[PDB]
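First up is the structure itself, then whatever we jot down about it.
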Amino acid sequence: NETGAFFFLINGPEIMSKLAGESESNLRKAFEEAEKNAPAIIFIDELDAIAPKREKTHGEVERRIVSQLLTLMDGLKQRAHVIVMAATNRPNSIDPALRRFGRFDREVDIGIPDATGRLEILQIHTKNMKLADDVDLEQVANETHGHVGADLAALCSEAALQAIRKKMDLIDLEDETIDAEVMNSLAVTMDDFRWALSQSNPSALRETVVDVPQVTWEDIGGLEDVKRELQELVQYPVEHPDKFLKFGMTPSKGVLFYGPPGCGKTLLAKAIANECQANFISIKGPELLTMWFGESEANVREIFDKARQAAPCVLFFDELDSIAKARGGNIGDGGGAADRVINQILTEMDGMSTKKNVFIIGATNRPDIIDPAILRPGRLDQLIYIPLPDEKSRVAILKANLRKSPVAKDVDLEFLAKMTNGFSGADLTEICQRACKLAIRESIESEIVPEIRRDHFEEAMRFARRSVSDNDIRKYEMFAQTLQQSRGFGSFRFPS
Amino acid sequence: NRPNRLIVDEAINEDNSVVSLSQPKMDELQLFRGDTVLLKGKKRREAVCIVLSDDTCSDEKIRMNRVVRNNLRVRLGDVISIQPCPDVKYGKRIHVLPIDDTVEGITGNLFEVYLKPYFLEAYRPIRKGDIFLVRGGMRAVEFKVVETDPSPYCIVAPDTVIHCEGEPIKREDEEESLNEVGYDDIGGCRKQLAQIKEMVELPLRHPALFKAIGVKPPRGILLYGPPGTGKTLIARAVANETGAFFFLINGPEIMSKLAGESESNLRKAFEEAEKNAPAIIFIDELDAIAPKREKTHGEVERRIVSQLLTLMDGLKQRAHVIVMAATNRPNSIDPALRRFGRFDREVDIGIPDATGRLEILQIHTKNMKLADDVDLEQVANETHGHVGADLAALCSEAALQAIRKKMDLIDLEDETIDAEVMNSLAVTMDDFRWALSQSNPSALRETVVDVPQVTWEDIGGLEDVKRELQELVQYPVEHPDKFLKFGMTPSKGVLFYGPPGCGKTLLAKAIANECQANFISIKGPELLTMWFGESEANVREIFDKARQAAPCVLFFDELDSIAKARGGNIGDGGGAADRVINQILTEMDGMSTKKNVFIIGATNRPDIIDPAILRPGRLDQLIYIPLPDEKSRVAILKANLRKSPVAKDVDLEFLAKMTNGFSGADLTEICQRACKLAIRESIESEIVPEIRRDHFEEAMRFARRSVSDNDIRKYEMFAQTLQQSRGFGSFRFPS
Ligand SMILES: Nc1ncnc2c1ncn2[C@@H]1O[C@H](COP(=O)(O)OP(=O)(O)O)[C@@H](O)[C@H]1O
Ligand SMILES: Nc1ncnc2c1ncn2[C@@H]1O[C@H](COP(=O)(O)OP(=O)(O)O)[C@@H](O)[C@H]1O
Ligand SMILES: Nc1ncnc2c1ncn2[C@@H]1O[C@H](COP(=O)(O)OP(=O)(O)O)[C@@H](O)[C@H]1O
């Protein structure tokens, strides 16, 4: 519509609804009809019901229709200036014949929008209607994290409809045509939208979502030594290519995060995505075990392919040693440290192009069970260790954690930093959560005050449980000192 | 705003001429309670009935029955003007006669069987031209007023007498037949019927509202539930009570046609209803229509599916038709029809509970009479695994068995049965109990959803845990402001660990009854079935069932059952990870935290639980249930002995003392064994009707503790290691 070209829509089931021969004639007649009206755009609604030639191998007319479409694709020897377009929800459900050059060489992958993108959808679908002063679209874009752009249209339509059933229920204007002096005055409040949020059922919650986290370096307390190392590894080769091309030395492929659990390895991977203005794909532990238990290790190929087209992007693998713990862990089993899920990842990392704006981050907590096949040069060489937080670093963790909720001034976090010795970064989050629950409990109890008090933190000290034990602390130190081994050669000089 | 017009609504009473109004509403008219009220709606018909009292209906509305709605030719969602009429009026000459459509096959007198036990001590202002239905004689009979003294000033009174000629009349299409289905034929479905009522009222009662505005009304309304729940009944009721044309499309009916004709039927079924707007198009079954999951066979099946798909999204406004479909298996629908614009609204209707089932029995037995010793409260308890259609067959068989028992030796060799004997035919317990045995339920393998009736009064002791559970799932749902202001998210779930028999299932069941939410229970073998069957994808449906049934709570009994199957304490060559729990962990990450759902985990061996579930975001709240104390064991026995009356010499305080390692479940078999002795001695001495003290003394010889003595210390050492509240006793600040 914005280019002045004729638009032709070809529906999927529309072709199939015809009998034998007529469906063949419709595709043929749909091309020269748009050819005379050049320029033109030919759009295909769905391709799953048109060319499902993957495992069907059934029906005599299906293959004929697929071949007719294939012949009409490559048969456009210039002549007109028509551009054919198609849309498929499942990238894997397209026959490779149509993916050949000359028929479909350009691929566009559009994903679920983020909160900023979803807010624009709400603004677009509500531009013709008015809203009250206490109505803000910033809040509704946060809880609808697993909503598609079409879900928001239904949400706002239901919110608008519920207003009629609440304000125009007892009026009963028995008129053949509605007026305008009442429709304009019909406002929509929070109570109308909140009811529609509950009734809305998202239709996309199992696929891998891609989003850029809003967490920055200010939300990570301490660990200033690691931040400079990460900023100096993924930001120079992308913004100083000349110094890398002149010396001819290739940039690093990925980084590995190992250390005690709870130090916040996920935050380090999330913060580097927001600084580089790139995407972020996260894979959890059970996501890897699903393929190992399901005897289907080919699902990771789609995960790797999704990150490539979404350039720039970063790849994150949480607790890669989860499969090793499932087969014995420290004691192991009758086999080695090799499995089938990591085998496919290793094969795919070898074939991936190093010139793309992609990066892989590995996270683990047990470095003694990691397969050594990933440490050899070409796959994963940079190993970053996150030690236990110190006294000077624990104050910043609490200061960053207490930013979302206003606190009082008598809370002396410097004192809480001192008695905490083996407390990790995640070991302090439940303390604040338990302290905050007490404020709500006492407010509701005393309702029949609107500030957190000092006594809330004192009570939460009785349930201070450390997630890490004391025996495994030495195992990380002995591993780190063995890996580094910077002894012997103290300081050597030359005579001249 | 002329405060004399009210909106109609369905009545809650089973009487015919009853008008329900609230106490604050009644004084606005300045009128008394016992009198006659005149109703003026539309189509220049009038109606007069008796007004009653209500206290829970609404701010301003009128509740009127279905039979009185037919006289005014009005439907749900319509406005009606009400005015009083305080005048005394009697009756002199009444001439009424029924229609042959309901009295076909009835002989004998038509006065002492239906007219005398209908108007006695009633004083109902029967208006001229009104149509009323009488229930009795184990059938449905309706009459009509043809001619009488000129209305108004007509009320039935004992002074006047009723006369009838004997010949019936012929009805027209102006009046609606009361034999059809309606909103009063639905029982148990309260939360889910309201969604359909509100989703269909606007685009049908006001077709011109959506024609002018650009709001897109929902088109497809897909229905769920096991076969027999009443998906067709609801579809026909919502079309009959809204004045819209109802079109029924059967599943096998399309398939029975040859090639091409089946294609033409679907196409011709749409514009036929388009001209008769508004209309409702209902599809009986979809399993035989679009089974495009693993079939991949047949050339006409895909063509029919694509034709239906094209007819779905091809409804570019034009008319104001609403298409509806019903499928018993939610998983047996192709994703193409689930796309937006074709089927975006999904309604899941389940098996009704005892209260819902009792309404089904009342609905299906309203035309027949029952004896004084007949109560429907008992039969709604044993039929826990019965569908709404099973109860119709049960009551039909109960009614039929009465004929084979009372009308077996009579042998009335007559061409037409009479009415003086059919009405007198009563149905007793012996007729229903025989039908209960012969009835075969058709739904006993699916996961049933019910709200337990157990409250906190049935749980003895454990008062510390109850407050912790009441303070975790009830504040974030009823104080959202204090959670949104501080910005801190509520807890996802809770874990119950401790010695077996303490009653972890009761804690999860009691929290569902207090929150007025559903309850889904998964036992131990239910988890092992997927682990042994190499099919861990069945838990996705379990998770999805709880979401739509909001609010709901999720319960997982003995989650460590799979760990014990692979070695238990000693384990095996692998770790603590498996495939069943992997899917649960993956699904708990993707579930929306803003829904009114909760997950409760129960276990007895905390030393074999996978630590992957304890990390923040999945399951953080761990609640330990210790051994019951002496002060708590008295309450357990007191709550357990509530179902059966006991004597006063049973000193439970003494029984509390010698019990040391006895858990909550360890005391139930003691009471059961004591109660069995009473029955045994009553039957033995038959050739007394109270439990005696000596019954409990004998049961003490078989007092077996389910828990051993070695595992008691393992729970204490685990709890003290988990808590570890030593060291920091009491710290203060200098200033
Ligand atoms: N260094 C840190 N600074 C601030 N917050 C932290 C830090 N480490 C952990 N957290 C908090 O602890 C929570 C749990 O982190 P977790 O998932 O245990 O990290 P990891 O996966 O690296 O062990 C996170 O929500 C995070 O906000
Ligand atoms: N919830 C219910 N209340 C009253 N009657 C019911 C109910 N469910 C089923 N029935 C009765 O069962 C009969 C058969 O219903 P059926 O067509 O099997 O329903 P569905 O199509 O939903 O399986 C109907 O005539 C109906 O009267
Ligand atoms: N604290 C209690 N108070 C009352 N009854 C109890 C209690 N604990 C257990 N029971 C009774 O014991 C019976 C068996 O419970 P059980 O299934 O062993 O619980 P769990 O599954 O938690 O071990 C239940 O029917 C329940 O009525």
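Naming scheme: A, B, ... for chains in displayed order of the structure tokens; residues 1 onward per chain; ligands 1 onward as shown.
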Problem - Protein and nucleic acid residues within 7 Å of ligand 2 (only C-alpha atoms and all ligand atoms) as a VMD selection string - result: chain B and resid 185 to 187 227 to 233 284 360 363 to 364 388 to 389 392
Problem - Within 6 Å of ligand 3 (only C-alpha atoms and all ligand atoms), residues as a list in words - result: residues 459, 460, 500, 501, 502, 503, 504, 505, 636, 664, 665 and 668 of chain B
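The residue set within 12 Å of residue 228 of chain A, counting only C-alpha atoms and dropping same-chain residues fewer than 6 places from it, reads residues 217, 222, 234, 235, 236, 268, 272 and 384 of chain A.
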Could you report the residues within 8 Å of ligand 1, using only C-alpha atoms and all ligand atoms, as a short mmCIF file (atom, residue, chain, number, x, y, z; two decimals) with N, CA, C and O atoms, in the first residue's frame?
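Written out: part15.cif:
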data_model
loop_
_atom_site.label_atom_id
_atom_site.label_comp_id
_atom_site.auth_asym_id
_atom_site.auth_seq_id
_atom_site.Cartn_x
_atom_site.Cartn_y
_atom_site.Cartn_z
N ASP A 219 23.75 -2.42 38.22
CA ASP A 219 22.99 -3.38 39.01
C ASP A 219 23.82 -4.55 39.51
O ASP A 219 23.30 -5.39 40.25
N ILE A 220 25.09 -4.63 39.12
CA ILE A 220 25.99 -5.69 39.56
C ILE A 220 26.94 -5.09 40.58
O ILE A 220 27.70 -4.17 40.27
N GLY A 221 26.91 -5.62 41.81
CA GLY A 221 27.76 -5.11 42.87
C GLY A 221 29.11 -5.80 42.89
O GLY A 221 29.19 -7.03 42.85
N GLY A 222 30.16 -4.99 42.94
CA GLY A 222 31.50 -5.55 42.98
C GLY A 222 31.90 -6.19 41.66
O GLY A 222 31.33 -5.92 40.60
N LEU A 223 32.90 -7.06 41.75
CA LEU A 223 33.43 -7.80 40.60
C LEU A 223 33.87 -6.85 39.49
O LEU A 223 33.59 -7.06 38.31
N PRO A 260 31.90 -20.79 42.31
CA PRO A 260 30.83 -21.20 43.22
C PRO A 260 29.49 -20.66 42.75
O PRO A 260 29.41 -19.55 42.20
N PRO A 261 28.41 -21.41 42.94
CA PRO A 261 27.09 -20.95 42.50
C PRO A 261 26.61 -19.77 43.32
O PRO A 261 26.96 -19.60 44.49
N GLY A 262 25.78 -18.94 42.69
CA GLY A 262 25.18 -17.79 43.35
C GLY A 262 25.94 -16.49 43.19
O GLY A 262 25.42 -15.44 43.59
N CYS A 263 27.14 -16.52 42.61
CA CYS A 263 27.91 -15.30 42.44
C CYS A 263 27.33 -14.39 41.36
O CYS A 263 27.72 -13.22 41.27
N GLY A 264 26.41 -14.90 40.54
CA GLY A 264 25.77 -14.09 39.53
C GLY A 264 26.41 -14.19 38.16
O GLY A 264 26.67 -13.18 37.51
N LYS A 265 26.67 -15.42 37.71
CA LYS A 265 27.23 -15.62 36.38
C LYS A 265 26.25 -15.23 35.28
O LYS A 265 26.68 -14.77 34.22
N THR A 266 24.95 -15.40 35.51
CA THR A 266 23.95 -14.98 34.53
C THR A 266 23.93 -13.47 34.34
O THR A 266 23.75 -12.99 33.22
N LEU A 267 24.11 -12.71 35.43
CA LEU A 267 24.15 -11.26 35.33
C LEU A 267 25.32 -10.76 34.49
O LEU A 267 25.16 -9.78 33.76
N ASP A 318 23.76 -21.87 30.46
CA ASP A 318 23.79 -21.96 31.91
C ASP A 318 24.02 -23.40 32.35
O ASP A 318 23.43 -24.33 31.80
N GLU A 319 24.88 -23.57 33.36
CA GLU A 319 25.22 -24.86 33.97
C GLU A 319 25.38 -25.97 32.94
O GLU A 319 24.63 -26.94 32.93
N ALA A 363 28.49 -20.99 31.21
CA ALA A 363 28.41 -20.87 32.65
C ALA A 363 28.41 -22.26 33.28
O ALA A 363 27.74 -23.17 32.79
N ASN A 365 29.35 -24.42 37.36
CA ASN A 365 29.72 -24.37 38.77
C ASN A 365 30.64 -25.50 39.21
O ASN A 365 31.21 -25.42 40.30
N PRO A 389 32.58 -12.99 46.87
CA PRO A 389 32.57 -11.54 47.08
C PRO A 389 33.28 -11.17 48.38
O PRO A 389 33.20 -11.89 49.38
N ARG A 394 30.42 -6.56 48.89
CA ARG A 394 29.09 -6.92 49.34
C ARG A 394 28.20 -5.72 49.62
O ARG A 394 26.98 -5.84 49.52
N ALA A 396 28.06 -2.97 47.78
CA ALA A 396 27.51 -2.60 46.48
C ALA A 396 26.41 -3.55 46.03
O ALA A 396 25.44 -3.10 45.40
N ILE A 397 26.52 -4.84 46.34
CA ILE A 397 25.48 -5.80 45.97
C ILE A 397 24.16 -5.43 46.64
O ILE A 397 23.11 -5.35 45.98
N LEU A 398 24.20 -5.17 47.95
CA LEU A 398 22.99 -4.78 48.66
C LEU A 398 22.48 -3.42 48.20
O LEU A 398 21.26 -3.23 48.08
N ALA A 400 22.74 -2.10 45.19
CA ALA A 400 22.08 -2.30 43.91
C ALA A 400 20.78 -3.07 44.05
O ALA A 400 19.82 -2.79 43.32
N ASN A 401 20.72 -4.04 44.96
CA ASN A 401 19.49 -4.81 45.16
C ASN A 401 18.39 -3.98 45.80
O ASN A 401 17.21 -4.23 45.51
N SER A 424 27.31 -15.61 49.33
CA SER A 424 27.54 -15.27 47.94
C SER A 424 26.56 -14.16 47.52
O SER A 424 25.84 -13.62 48.36
N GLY A 425 26.54 -13.82 46.24
CA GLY A 425 25.63 -12.78 45.77
C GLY A 425 24.18 -13.19 45.89
O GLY A 425 23.33 -12.39 46.31
N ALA A 426 23.86 -14.43 45.52
CA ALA A 426 22.49 -14.91 45.65
C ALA A 426 22.11 -15.22 47.09
O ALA A 426 20.92 -15.31 47.39
N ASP A 427 23.10 -15.38 47.98
CA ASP A 427 22.80 -15.65 49.38
C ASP A 427 22.23 -14.43 50.10
O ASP A 427 21.66 -14.58 51.18
N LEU A 428 22.37 -13.24 49.53
CA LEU A 428 21.87 -12.02 50.15
C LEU A 428 20.52 -11.58 49.59
O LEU A 428 19.91 -10.67 50.17
N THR A 429 20.05 -12.18 48.50
CA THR A 429 18.78 -11.77 47.92
C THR A 429 17.60 -12.26 48.76
O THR A 429 16.64 -11.52 48.99
N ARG B 615 16.43 -23.78 43.91
CA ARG B 615 17.08 -22.52 43.57
C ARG B 615 16.05 -21.45 43.21
O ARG B 615 14.99 -21.75 42.65
N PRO B 616 16.34 -20.17 43.52
CA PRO B 616 15.30 -19.13 43.51
C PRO B 616 14.62 -18.89 42.17
O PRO B 616 15.26 -18.49 41.20
#
Exercise for the section: Give me, as a PyMOL selection string, the contact residues of chain A against chain B at a cut-off of 6 Å, counting only C-alpha atoms. Expected result: chain A and resi 13-14+16-17+286+325-328+333+405+462
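Proximity of A:460, A:71, A:488, A:230 to residue 28 of chain A, computed with only C-alpha atoms, is greatest for A:71.
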Just list the residues in segment 205-340 of chain A DSSP gives strand (DSSP E) on the backbone, as a tab-separated table (two decimals) with N, CA, C and O atoms, in the first residue's frame.
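And here's selection_20.tsv as it stands now:
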chain	number	residue	atom	x	y	z
A	254	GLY	N	34.72	-17.55	22.40
A	254	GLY	CA	33.81	-17.45	23.52
A	254	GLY	C	34.51	-17.39	24.86
A	254	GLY	O	35.74	-17.41	24.93
A	255	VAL	N	33.73	-17.32	25.94
A	255	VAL	CA	34.26	-17.25	27.29
A	255	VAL	C	33.52	-18.27	28.15
A	255	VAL	O	32.37	-18.62	27.89
A	256	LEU	N	34.21	-18.75	29.19
A	256	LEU	CA	33.64	-19.71	30.12
A	256	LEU	C	33.66	-19.12	31.52
A	256	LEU	O	34.68	-18.59	31.97
A	257	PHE	N	32.52	-19.21	32.21
A	257	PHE	CA	32.38	-18.72	33.57
A	257	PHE	C	32.27	-19.91	34.51
A	257	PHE	O	31.35	-20.72	34.40
A	258	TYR	N	33.23	-20.03	35.43
A	258	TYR	CA	33.23	-21.09	36.42
A	258	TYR	C	33.49	-20.51	37.80
A	258	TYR	O	34.19	-19.51	37.95
A	281	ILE	N	20.38	-14.59	23.95
A	281	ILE	CA	19.67	-15.86	23.97
A	281	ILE	C	20.18	-16.66	25.15
A	281	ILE	O	21.39	-16.88	25.28
A	282	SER	N	19.26	-17.10	26.01
A	282	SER	CA	19.61	-17.82	27.23
A	282	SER	C	19.07	-19.24	27.17
A	282	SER	O	17.90	-19.46	26.83
A	283	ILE	N	19.92	-20.20	27.49
A	283	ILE	CA	19.55	-21.61	27.58
A	283	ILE	C	19.83	-22.08	28.99
A	283	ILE	O	20.96	-21.95	29.48
A	313	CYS	N	24.19	-10.74	18.28
A	313	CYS	CA	23.58	-11.52	19.35
A	313	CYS	C	24.68	-12.16	20.19
A	313	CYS	O	25.83	-12.27	19.77
A	314	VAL	N	24.29	-12.58	21.39
A	314	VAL	CA	25.18	-13.31	22.29
A	314	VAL	C	24.47	-14.58	22.74
A	314	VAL	O	23.25	-14.60	22.92
A	315	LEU	N	25.24	-15.64	22.89
A	315	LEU	CA	24.72	-16.96	23.23
A	315	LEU	C	25.18	-17.32	24.64
A	315	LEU	O	26.36	-17.19	24.97
A	316	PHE	N	24.23	-17.76	25.47
A	316	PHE	CA	24.51	-18.07	26.87
A	316	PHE	C	24.09	-19.50	27.15
A	316	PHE	O	23.01	-19.93	26.74
A	317	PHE	N	24.95	-20.24	27.86
A	317	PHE	CA	24.69	-21.62	28.23
A	317	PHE	C	24.87	-21.75	29.74
A	317	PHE	O	26.00	-21.74	30.23
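With atom CA of residue 175 of chain A on one side and atom CA of residue 2 of chain B on the other, the separation reads 16.4 Å.
Close contacts of residue 304 of chain A, defined as residues with an atom at most 12 Å away when counting only C-alpha atoms, with chain neighbours fewer than 4 positions off set aside, comprise residues 208, 281, 282, 283, 298, 299, 300, 308, 309, 310, 311, 313, 314, 315, 316, 317, 344, 345, 346, 347, 348, 349, 350, 351, 352, 353, 358, 359 and 360 of chain A.
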Would you save the residues of that selection, restricted to N, CA, C and O atoms, as a tab-separated table (two decimals), in the first residue's frame?
chain	number	residue	atom	x	y	z
A	208	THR	N	11.65	-20.35	22.08
A	208	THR	CA	12.77	-19.62	22.66
A	208	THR	C	12.61	-18.14	22.33
A	208	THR	O	12.67	-17.75	21.16
A	281	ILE	N	20.38	-14.59	23.95
A	281	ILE	CA	19.67	-15.86	23.97
A	281	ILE	C	20.18	-16.66	25.15
A	281	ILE	O	21.39	-16.88	25.28
A	282	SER	N	19.26	-17.10	26.01
A	282	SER	CA	19.61	-17.82	27.23
A	282	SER	C	19.07	-19.24	27.17
A	282	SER	O	17.90	-19.46	26.83
A	283	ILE	N	19.92	-20.20	27.49
A	283	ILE	CA	19.55	-21.61	27.58
A	283	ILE	C	19.83	-22.08	28.99
A	283	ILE	O	20.96	-21.95	29.48
A	298	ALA	N	19.32	-33.01	17.71
A	298	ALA	CA	19.28	-32.15	16.54
A	298	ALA	C	18.53	-30.85	16.78
A	298	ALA	O	18.50	-29.99	15.89
A	299	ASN	N	17.92	-30.68	17.95
A	299	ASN	CA	17.19	-29.45	18.25
A	299	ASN	C	18.10	-28.26	18.49
A	299	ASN	O	17.65	-27.12	18.40
A	300	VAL	N	19.38	-28.50	18.80
A	300	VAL	CA	20.30	-27.40	19.05
A	300	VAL	C	20.72	-26.71	17.76
A	300	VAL	O	21.18	-25.56	17.80
A	308	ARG	N	22.16	-16.69	14.63
A	308	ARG	CA	22.93	-16.16	13.51
A	308	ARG	C	22.20	-15.02	12.81
A	308	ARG	O	22.79	-13.94	12.61
A	309	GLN	N	20.94	-15.22	12.45
A	309	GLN	CA	20.22	-14.20	11.68
A	309	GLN	C	19.91	-12.99	12.54
A	309	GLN	O	19.84	-11.86	12.03
A	310	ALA	N	19.74	-13.19	13.85
A	310	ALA	CA	19.50	-12.12	14.81
A	310	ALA	C	20.80	-11.43	15.21
A	310	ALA	O	21.07	-11.24	16.40
A	311	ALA	N	21.60	-11.05	14.22
A	311	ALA	CA	22.87	-10.39	14.48
A	311	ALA	C	22.65	-8.90	14.72
A	311	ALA	O	21.84	-8.27	14.03
A	313	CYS	N	24.19	-10.74	18.28
A	313	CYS	CA	23.58	-11.52	19.35
A	313	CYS	C	24.68	-12.16	20.19
A	313	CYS	O	25.83	-12.27	19.77
A	314	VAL	N	24.29	-12.58	21.39
A	314	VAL	CA	25.18	-13.31	22.29
A	314	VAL	C	24.47	-14.58	22.74
A	314	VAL	O	23.25	-14.60	22.92
A	315	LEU	N	25.24	-15.64	22.89
A	315	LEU	CA	24.72	-16.96	23.23
A	315	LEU	C	25.18	-17.32	24.64
A	315	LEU	O	26.36	-17.19	24.97
A	316	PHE	N	24.23	-17.76	25.47
A	316	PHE	CA	24.51	-18.07	26.87
A	316	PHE	C	24.09	-19.50	27.15
A	316	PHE	O	23.01	-19.93	26.74
A	317	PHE	N	24.95	-20.24	27.86
A	317	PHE	CA	24.69	-21.62	28.23
A	317	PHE	C	24.87	-21.75	29.74
A	317	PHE	O	26.00	-21.74	30.23
A	344	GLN	N	26.93	-32.20	19.50
A	344	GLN	CA	26.36	-31.34	18.47
A	344	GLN	C	26.80	-29.89	18.61
A	344	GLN	O	27.07	-29.24	17.60
A	345	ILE	N	26.89	-29.38	19.84
A	345	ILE	CA	27.37	-28.02	20.06
A	345	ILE	C	28.81	-27.88	19.57
A	345	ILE	O	29.16	-26.90	18.91
A	346	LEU	N	29.66	-28.86	19.89
A	346	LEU	CA	31.04	-28.82	19.43
A	346	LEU	C	31.14	-28.90	17.91
A	346	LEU	O	31.96	-28.21	17.31
A	347	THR	N	30.31	-29.73	17.27
A	347	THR	CA	30.32	-29.80	15.82
A	347	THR	C	29.86	-28.49	15.19
A	347	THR	O	30.44	-28.06	14.18
A	348	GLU	N	28.84	-27.85	15.76
A	348	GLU	CA	28.32	-26.62	15.20
A	348	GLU	C	29.22	-25.41	15.44
A	348	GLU	O	29.25	-24.50	14.60
A	349	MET	N	29.95	-25.38	16.55
A	349	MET	CA	30.87	-24.27	16.80
A	349	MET	C	32.04	-24.29	15.83
A	349	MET	O	32.65	-23.25	15.57
A	350	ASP	N	32.37	-25.46	15.28
A	350	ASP	CA	33.45	-25.53	14.30
A	350	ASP	C	33.03	-24.97	12.95
A	350	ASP	O	33.84	-24.34	12.27
A	351	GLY	N	31.77	-25.18	12.56
A	351	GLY	CA	31.29	-24.72	11.27
A	351	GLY	C	30.75	-23.30	11.24
A	351	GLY	O	30.49	-22.78	10.15
A	352	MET	N	30.58	-22.67	12.39
A	352	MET	CA	30.03	-21.32	12.44
A	352	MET	C	31.07	-20.30	11.97
A	352	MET	O	32.27	-20.47	12.20
A	353	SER	N	30.59	-19.25	11.31
A	353	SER	CA	31.48	-18.21	10.80
A	353	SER	C	31.96	-17.33	11.95
A	353	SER	O	31.15	-16.83	12.74
A	358	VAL	N	28.60	-12.39	16.69
A	358	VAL	CA	28.02	-13.33	17.64
A	358	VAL	C	29.07	-13.71	18.67
A	358	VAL	O	30.28	-13.61	18.43
A	359	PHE	N	28.60	-14.17	19.82
A	359	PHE	CA	29.47	-14.56	20.92
A	359	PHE	C	28.77	-15.61	21.76
A	359	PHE	O	27.55	-15.58	21.89
A	360	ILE	N	29.55	-16.53	22.32
A	360	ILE	CA	29.04	-17.63	23.13
A	360	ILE	C	29.62	-17.51	24.53
A	360	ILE	O	30.84	-17.37	24.69
Exercise for the section: Record the distance separating atom CA of residue 163 of chain B and atom CA of residue 72 of chain B, expressed in Å with one decimal. Expected result: 26.0 Å
Exercise for the section: Please provide the set of residues having any atom within 7 Å of segment 426-428 of chain B, restricted to only C-alpha atoms, with same-chain residues fewer than 5 positions apart removed, written as a ChimeraX atom specification. Expected result: /B:369-371,374,399,402
Output N, CA and C atoms of each residue in that selection to a file, as a PDB file, in the first residue's frame.
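Result file follows (selection.pdb):
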ATOM      1  N   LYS B 369     -42.509 -37.111  40.406  1.00  0.00           N
ATOM      2  CA  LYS B 369     -42.597 -36.993  41.853  1.00  0.00           C
ATOM      3  C   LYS B 369     -41.789 -38.092  42.532  1.00  0.00           C
ATOM      4  N   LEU B 370     -41.483 -37.862  43.806  1.00  0.00           N
ATOM      5  CA  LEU B 370     -40.624 -38.743  44.580  1.00  0.00           C
ATOM      6  C   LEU B 370     -41.152 -38.827  46.006  1.00  0.00           C
ATOM      7  N   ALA B 371     -40.862 -39.951  46.659  1.00  0.00           N
ATOM      8  CA  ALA B 371     -41.404 -40.223  47.981  1.00  0.00           C
ATOM      9  C   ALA B 371     -40.670 -39.405  49.042  1.00  0.00           C
ATOM     10  N   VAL B 374     -37.080 -40.223  49.932  1.00  0.00           N
ATOM     11  CA  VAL B 374     -36.202 -40.088  48.778  1.00  0.00           C
ATOM     12  C   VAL B 374     -35.448 -38.773  48.892  1.00  0.00           C
ATOM     13  N   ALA B 399     -36.588 -44.691  36.836  1.00  0.00           N
ATOM     14  CA  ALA B 399     -38.004 -44.558  36.509  1.00  0.00           C
ATOM     15  C   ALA B 399     -38.532 -45.788  35.781  1.00  0.00           C
ATOM     16  N   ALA B 402     -39.331 -48.954  37.993  1.00  0.00           N
ATOM     17  CA  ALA B 402     -40.577 -48.888  38.747  1.00  0.00           C
ATOM     18  C   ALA B 402     -41.732 -49.520  37.981  1.00  0.00           C
TER      19      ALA B 402
END
Practice task
Find the spatial neighbours of residue 640 of chain B, counting only C-alpha atoms, within a cut-off of 12 Å - ignore same-chain residues fewer than 4 positions away - and output them as a VMD selection string.
Solution key: chain B and resid 454 457 to 460 633 to 636 644 to 646 652 664 to 665 667 to 672
